[PDB]
Each structure stands twice: as C-alpha cells, then as structure tokens.
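Student:
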Amino acid sequence: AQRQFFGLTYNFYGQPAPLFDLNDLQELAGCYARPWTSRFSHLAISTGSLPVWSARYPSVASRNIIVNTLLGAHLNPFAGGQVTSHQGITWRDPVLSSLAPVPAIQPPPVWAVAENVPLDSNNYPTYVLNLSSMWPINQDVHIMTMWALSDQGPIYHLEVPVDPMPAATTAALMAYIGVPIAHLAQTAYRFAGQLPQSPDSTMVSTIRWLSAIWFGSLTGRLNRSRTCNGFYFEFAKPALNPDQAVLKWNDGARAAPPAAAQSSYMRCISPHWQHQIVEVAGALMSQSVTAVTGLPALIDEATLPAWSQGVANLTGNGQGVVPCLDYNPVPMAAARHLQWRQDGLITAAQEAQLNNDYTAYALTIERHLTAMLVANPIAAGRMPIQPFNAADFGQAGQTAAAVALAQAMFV
Amino acid sequence: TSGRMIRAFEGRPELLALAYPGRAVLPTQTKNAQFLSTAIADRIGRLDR
Numbered sequence: 002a003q004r005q006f007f008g009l010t011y012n013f014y015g016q017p018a019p020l021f022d023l024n025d026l027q028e029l030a031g032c033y034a035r036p037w038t039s040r041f042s043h044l045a046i047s048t049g050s051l052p053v054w055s056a057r058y059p060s061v062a063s064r065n066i067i068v069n070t071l072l073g074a075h076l077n078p079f080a081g082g083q084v085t086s087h088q089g090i091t092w093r094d095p096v097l098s099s100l101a102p103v104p105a106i107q108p109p110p111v112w113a114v115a116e117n118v119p120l121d122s123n124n125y126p127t128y129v130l131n132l133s134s135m136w137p138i139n140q141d142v143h144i145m146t147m148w149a150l151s152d153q154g155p156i157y158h159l160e161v162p163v164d165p166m167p168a169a170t171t172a173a174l175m176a177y178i179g180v181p182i183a184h185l186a187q188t189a190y191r192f193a194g195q196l197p198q199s200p201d202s203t204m205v206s207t208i209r210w211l212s213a214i215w216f217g218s219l220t221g222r223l224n225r226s227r228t229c230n231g232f233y234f235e236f237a238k239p240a241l242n243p244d245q246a247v248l249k250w251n252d253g254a255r256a257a258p259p260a261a262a263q264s265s266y267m268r269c270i271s272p273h274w275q276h277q278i279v280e281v282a283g284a285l286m287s288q289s290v291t292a293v294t295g296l297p298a299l300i301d302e303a304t305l306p307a308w309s310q311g312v313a314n315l316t317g318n319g320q321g322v323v324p325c326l327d328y329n330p331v332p333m334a335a336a337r338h339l340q341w342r343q344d345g346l347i348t349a350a351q352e353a354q355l356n357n358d359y360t361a362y363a364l365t366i367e368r369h370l371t372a373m374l375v376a377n378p379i380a381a382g383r384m385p386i387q388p389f390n391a392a393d394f395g396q397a398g399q400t401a402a403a404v405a406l407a408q409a410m411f412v
Numbered sequence: 325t326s327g328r329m330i331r332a333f334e335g336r337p338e339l340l341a342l343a344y345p346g347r348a349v350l351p352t353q354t355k356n357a358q359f360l361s362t363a364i365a366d367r368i369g370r371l372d373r
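Line by line, the protein sequences give chains X and D. Heads up, the first sequence is in PDB author numbering, so the first residue is 2 and it goes up one at a time. Heads up, the second sequence is in PDB author numbering, so the first residue is 325 and it goes up one at a time.
Structure below.
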C-alpha cells in the first residue's frame, strides 16, 4: 500500500484567517466533530431526487468546501511535525480521531495562522506506525489538495491504456449496472476510505475505468451505439432529472482501443459546478483513484492560479508534466447533443430543443449561485461558496480540446 | 498456507478439504501428491483485502 502522501492547504481569498466558524465545526454530518470520511454523510439516507442544501450550507458543494477550509487550520502535524490548537480546539489523540476542546493539563502550542502550506506525511512519523487506523486521512487530505489547487473547480485525472479492459475488471463492473453516477461516487469514496489498499488491485482499476467511461459518455462520444466494452452511461432529458445518468451494459458495437496511452487532468472552468451534483460526483470518483495510487505525474502550472505555481510535489513545468484541460458544461452539452445526432440517436430538431432546454437549466444554476453569493459575503467569516465573477459563467475554456481528447481516447 | 483466509462451509464441513486442494498436503510420493506439490500458496482463499 502507498505509505506516503503530500498535500497543500487552502488559500485565503485576501481574508486574514481560515473561513469557518465553530458552529460549522459543530454541525458536521458524520460522527461528532470529526472531518474524516464524512463527505457523503449528509446523504447516506435519501428520498427523492431534490438536491440537499440549507441556509448556511446553500450549495451542493458548500459542505465539502467548508470541510476543506476547516482542515486547513489543523493539519500542522504534516507540516510542523506537531499537533497544535486553534481557538482552544485540537485533536483528542495523536491518531487524530476527532477534534475536542483543549484540555487544561498539557495544552499544545497555539497554531500560527498561514495559508497554502505544503504537506508531507513523513513529517509526522506516528502516521506510518498507525497506518491501519489513520488510512482515511490519506484520502481526505488528497481530496482537499485536489480542490485547493484550483480557483474555479476541482482538478481530477483521466487515463486510458492501450490494452483492452482486462477481464477481471469486467467481472467487477457487472456489479454496477443501472446505478446512477452519484451513488457510484459515494461507493467509490467509501472504498478508498476505510482500509489501506494496494495500488495494484482489481477494484482500483475498476474505478479508474469507470472514471474514463463516464467522461466518454459526458462528451457523448460513448453512447448506446458506441460502447467502451458494452458499457456506457444513459442520460435523461435535461428538462427533468437532468442529473440521473446511470450505467448501462449493451451488446452493440465497441470503440476500438486508442493508438497510444492517453491521460490528462481535467477541471471545470465555470462556477456551475458548485451547485451541480454530477461535477462533484465525477471529480470525487476520479480523485478517489488518485488518492490510493498517488499522482501519476506533476500537473502543468500554465493554466493554474497564482498560488498554485510551482508546488513542490504537485505542479511543475518540466518534461514529464501532464497537461490539464478545462471545460464549460454548456458547450459540452452542445457537443454531446451534436454527437447524438451525428450517430443518429436524435434528429436535428430534437438537438436544437435539447440545447435550449439545457441552456435554460444552466441559467437557473447561475441565477441561484449569484443570488446566493451576496447572501453569504466572504468577509462575513466563513466561505460556504467559492467567490466568482459574472463573466466566469461565459468562459468556454478549453472545451474544444476536451472533446478532441475523448475522440482520441475512444476510437 | 498460514496467513491466508479461507471459507467455512458450515453446512457440511467435508467440502473444506475439496475447496482448497494443496493445503496441508502430505509429502508422500503419489501421482496426485506430486501434482499438488506444485500448487502456489498465494492462490488459496481470498485475494483482496
């Protein structure tokens, strides 16, 4: 199993302190006052399809964002090698089971406030000793890092080998027929969460393919007329249940393997993701794979924000540096619709209607978020939602390159 | 095979001997014994954590 990890904390958007309050620290959905393995606790039991959000957690991404900010204040052991306290709260034990008020016996030193501190598990030797019980820290820290590096949307990884899907993985995949993406993400999160796993594992490679397949269907390159290995994702009309994409197996044609190995990093370049479940689900699922196996290679700095330029174990500009692509959902949907009519699944009249429906749907997302931002100004003290500008909803980004990659990926 | 994990077969235990050929094989020299001597221990029982 992977015995070392690296990470990076969040960046204060000009504010002087991490953006959370004690109540946020008090109302986590999991076990009391523990951040680990909690990113899905708020929807383990569900009814209906309506997104879950509340007054002080007003977006589907809000809870996870808060958690990331929260962790940024207490991860000192992986930077300074010691446990510290902030505003009179610290960990119960060196195993970091949960947070608690500081005891009045041996108060640990007060944490010095800073941002974007690089992290290395080797600074804290006890983690190696207690790996069997501290394993979930590995997954969560990696998740936090993968979000901290971006100013606009979480970063995640894609790859497809030259060989066909190995038989062992196919045996596992049939267990996940007809399950929506969100459920799959929750399952993927739990798998890499509880116990340490080897990078070489049937389950790991299974999820890796799942990530690739979903992206291929996302562009519409994969559909019921062109499957990966019989697998593909089925979509509902965006006018209603716009997110209930599920996995299907089919007996039809299969896309041929790529000429060479393909791999890249992906990102959403528009604020839409903060209130769109499928982006969160896809990002987390891919990130879960990278968590257990580590980063295949450094990320290209060229398109990243300022604080992300040249992170020690994360970003670079040398030779073995995988580029990162980013896209906007609206043009992506248009391309997906275009693929469908080209493959003949739909007629052009339907394609025009689908674009109108989706654009209207996306408009509500923007309208909701922009109204929600002013209701929770970042200067208040906590950041339930990430700041943005109105123009960010119109950026096309590298969407053209994205669909080009998928076409080169599944062929 | 010490350290591996194997199933129980509580309903009728005689299946236990059949389920995992090779484990605890006598070093006698018989045709089946000679064959079973070539089994690889890592492929007994479950494979994953």
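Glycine residues also receive a C-beta, built at the ideal position from the N, C-alpha and C atoms.
1) First and last residue of the alpha helix (DSSP H) that includes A193(X)?
2) Grab the span of the beta strand (DSSP E) containing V96(X) for me, first residue to last.
3) Distance check for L51(X) and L296(X), CA to CA, integer angstroms please.
4) Determine, using beta carbons only, whether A313(X) and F6(X) come nearer to each other than 9 Å.
5) Does the region 363 to 373 of chain D come close enough to the region 195 to 204 of chain X to have 3 or more Cβ pairs within less than 8 Å?
6) Got a sec: which bits of the region 198 to 219 of chain X sit with their beta carbon under 8 Å from any beta carbon on chain D, in order along the chain?
7) List, in chain order, every chain X residue whose beta-carbon is nearer than 8 Å to that of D372(D).
8) Listed from N- to C-terminal order along the chain, which residues in the region 182 to 196 of chain X have their beta-carbon within a distance smaller than 9 Å of any beta-carbon of chain D?
9) Only counting the same chain, and skipping five residues up and downstream in sequence, which positions put a Cβ closer than 6 Å to that of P95(X)?
10) In three-state DSSP terms, what is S50(X)?
11) For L374(X), which residues from the same chain have a beta carbon less than 8 Å from its beta carbon, with the 5 sequence-adjacent residues on both sides left out?
12) Identify whether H87(X) lies in helix, strand or coil by the three-state DSSP scheme.
13) Taking only three categories from DSSP, how would you classify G395(X)?
14) Leaving out the 5 sequence neighbours to the left and right, which residues in its chain are closer than 6 Å to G73(X) when beta-carbon positions are compared?
15) Quick check on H43(X): does DSSP put it in helix, strand or coil?
16) Can you name, in chain order, every residue of its own chain whose Cβ lies under 7 Å from the Cβ of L196(X), other than the five neighbours on each side?
17) Residues bridged to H369(X) by DSSP?
18) Output the distance between the C-alpha atoms of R337(X) and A254(X), rounded to the nearest integer angstrom.
19) Going straight from the alpha carbon of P243(X) to that of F232(X), what length do you get?
20) Can you list, in chain order, the residues of its chain whose CB lies under 8 Å from that of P167(X), leaving out five sequence neighbours each side?
21) Just checking my contact of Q263(X) with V161(X) at CB under 8 Å: how many whole Å lie between their CB atoms?
22) Which one of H158(X), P258(X), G217(X), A349(X) has the shortest CA to CA distance from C325(X)?
23) Just how far apart, CA to CA, sit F234(X) and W210(X)?
24) Excluding the 5 residues flanking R191(X) on each side, which residues of the same chain have their C-beta closer than 8 Å to its C-beta?
25) So, are the CB atoms of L71(X) and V84(X) less than 9 Å apart?
26) Helix, strand or coil: which one does DSSP assign to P119(X)?
27) Helix, strand or coil for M286(X)? Go by DSSP, reduced to three states.
28) Would you check if the distance between the CB atom of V412(X) and the CB atom of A256(X) is smaller than 9 Å?
29) Would you tell me roughly how many angstroms separate the C-alpha atoms of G15(X) and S309(X), rounded to the nearest one?
Tutor: This is what the structure gives:
1) Within the first sequence, residue 193(X) is the residue found at index 192, counting from 1. First-last of the alpha helix (DSSP H) with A193(X): 182 to 195.
2) Translated into the one-based positions of the first sequence, residue 96(X) becomes position 95. Taken as a continuous stretch (DSSP letters only), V96(X) belongs to no beta strand (DSSP E), as it is neither H nor E.
3) Counting from 1 along the first sequence, the entry for residue 296(X) is found at position 295. Counting from 1 along the first sequence, the entry for residue 51(X) is found at position 50. Each residue's Cα considered, the two are about 34 Å apart.
4) The sequence position of residue 313(X) within the first sequence is 312, counting from 1. The sequence position of residue 6(X) within the first sequence is 5, counting from 1. Against a cut-off of 9 Å, the Cβ pair of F6(X) and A313(X) comes out as no contact.
5) yes
6) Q198, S199, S202, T203, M204
7) By one-based count along the second sequence, residue 372(D) stands at place 48. Those are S202, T203, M204, listed as they occur along chain X.
8) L196
9) On the first sequence, residue 95(X) is found 94 positions in, with the first residue counted as 1. Cβ within range, chain order: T127.
10) Residue mapping note: residue 50(X) aligns to position 49 of the first sequence, counting from 1. Three-state result, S50(X): coil.
11) Looking up residue 374(X) in the first sequence gives position 373. Counting only Cβ-Cβ distances below 8 Å, and skipping sequence neighbours, we find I386, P388, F389.
12) The residue you call residue 87(X) lines up with position 86 of the first sequence. In the structure shown, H87(X) sits in a strand (DSSP, three-state: E or B).
13) As a working mapping, residue 395(X) is identified with position 394 in the first sequence. Reduced to three states, the DSSP call for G395(X) is helix.
14) Sequence index remark: in the first sequence, residue 73(X) carries index 72 (1-based). Excluding residues within five positions, the ones whose Cβ falls inside 6 Å are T10, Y11, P19.
15) As a first step, residue 43(X) is located in the first sequence; it is residue number 42 there, counting from the start. Note: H43(X) maps to helix in three-state DSSP.
16) If you number the first sequence from 1, residue 196(X) lands on position 195. The answer, listed in chain order, is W136.
17) Residue mapping note: residue 369(X) aligns to position 368 of the first sequence, counting from 1. Answer is none; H369(X) lacks a bridge partner.
18) Looking up residue 337(X) in the first sequence gives position 336. Looking up residue 254(X) in the first sequence gives position 253. Looking at the two C-alpha atoms, the distance is approximately 19 Å.
19) Here residue 243(X) corresponds to residue number 242 of the first sequence, with the count starting at 1. Here residue 232(X) corresponds to residue number 231 of the first sequence, with the count starting at 1. Taking the straight line from one Cα to the other gives about 20 Å.
20) In the first sequence, residue 167(X) corresponds to position 166, counting from 1. Excluding sequence neighbours, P167(X) sits near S206.
21) Counting from one through the first sequence, the residue named residue 263(X) turns up at place 262. Counting from one through the first sequence, the residue named residue 161(X) turns up at place 160. Their Cβ separation, rounded to whole angstroms, is 5 Å, which keeps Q263(X) and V161(X) in contact under 8 Å.
22) Residue 325(X) sits at position 324 when you count from the first residue of the first sequence. The candidate whose alpha carbon is nearest that of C325(X) is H158(X).
23) Taking the first sequence and counting its residues from 1, the one referred to as residue 234(X) is at position 233. Taking the first sequence and counting its residues from 1, the one referred to as residue 210(X) is at position 209. For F234(X) and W210(X), the distance between alpha carbons rounds to 13 Å.
24) For the purposes of this step, residue 191(X) is identified with residue 190 of the first sequence, where counting begins at 1. Only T38, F41 meet the Cβ criterion.
25) The residue labelled residue 71(X) in the question sits at position 70 within the first sequence. The residue labelled residue 84(X) in the question sits at position 83 within the first sequence. No. Outside cutoff.
26) By one-based count along the first sequence, residue 119(X) stands at place 118. Correct three-state label for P119(X): strand.
27) Here residue 286(X) refers to the residue found at position 285 when the first sequence is read from its first residue. In this structure, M286(X) counts as helix in the three-state DSSP scheme.
28) Mapped onto the first sequence, residue 412(X) falls at position 411. Mapped onto the first sequence, residue 256(X) falls at position 255. Yes, the Cβ-Cβ distance between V412(X) and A256(X) is below 9 Å.
29) If you number the first sequence from 1, residue 15(X) lands on position 14. If you number the first sequence from 1, residue 309(X) lands on position 308. Using only the alpha carbons, I get a separation of about 15 Å.
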